[PDB]
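Below you'll find only one chain, the form solved without the DNA, shown as structure tokens.
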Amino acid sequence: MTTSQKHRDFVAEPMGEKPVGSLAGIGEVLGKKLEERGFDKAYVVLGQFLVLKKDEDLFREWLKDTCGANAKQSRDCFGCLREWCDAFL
């Protein structure tokens, strides 16, 4: 297992009302910036991932533009949402 424990916690169960900082890659700095843009709960970021048809390039670019995520952070967040979807959607 190469993922963070944090990723594994997220993908292990439905996300319900979890905050955006429960997503892998989304530390407190990125999470504050996402919340200030209206992306307060993880499911709102899931929504964007889904409206972008789960496209890695568009989602990671959107995350960079919206909260300044770097490549590792956007990869981790994408991978967490992708694996969550594979398990639960």
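Residue indices: 1-based, along the sequence shown.
There is another form of this protein, the form deposited with the DNA bound, and it is not shown here; the text below is about that form.
Asker: Wondering, does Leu81 line up within 4.5 Å of the DNA in the entry with it bound on heavy atoms?
Answerer: Flag for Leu81 set to no.
Asker: With a 4.5 Å heavy atom cut-off, would you call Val29 a contact of the DNA in the entry with it bound?
Answerer: Within the cut-off, so yes.
Asker: How about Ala12 - does it come within 4.5 Å of the DNA in the entry with it bound, if we only consider non-hydrogen atoms?
Answerer: No, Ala12 is distant from the partner.
Asker: Examine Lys33 and determine whether its closest non-hydrogen atom to the DNA in the entry with it bound is within 4.5 angstroms.
Answerer: Contact check for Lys33: yes, within 4.5 Å of the DNA in the entry with it bound.
Asker: Hey, with the DNA in the entry with it bound, do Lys18, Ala42 and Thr66 all fall inside the 4.5 Å heavy atom range?
Answerer: So, no: the whole triplet misses the DNA.
Asker: Taking the DNA as it sits in the entry with it bound, which residues of 36 to 71 have a non-hydrogen atom within 4.5 Å of it? Please list them.
Answerer: In sequence order, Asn70, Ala71 come within 4.5 Å of the partner.
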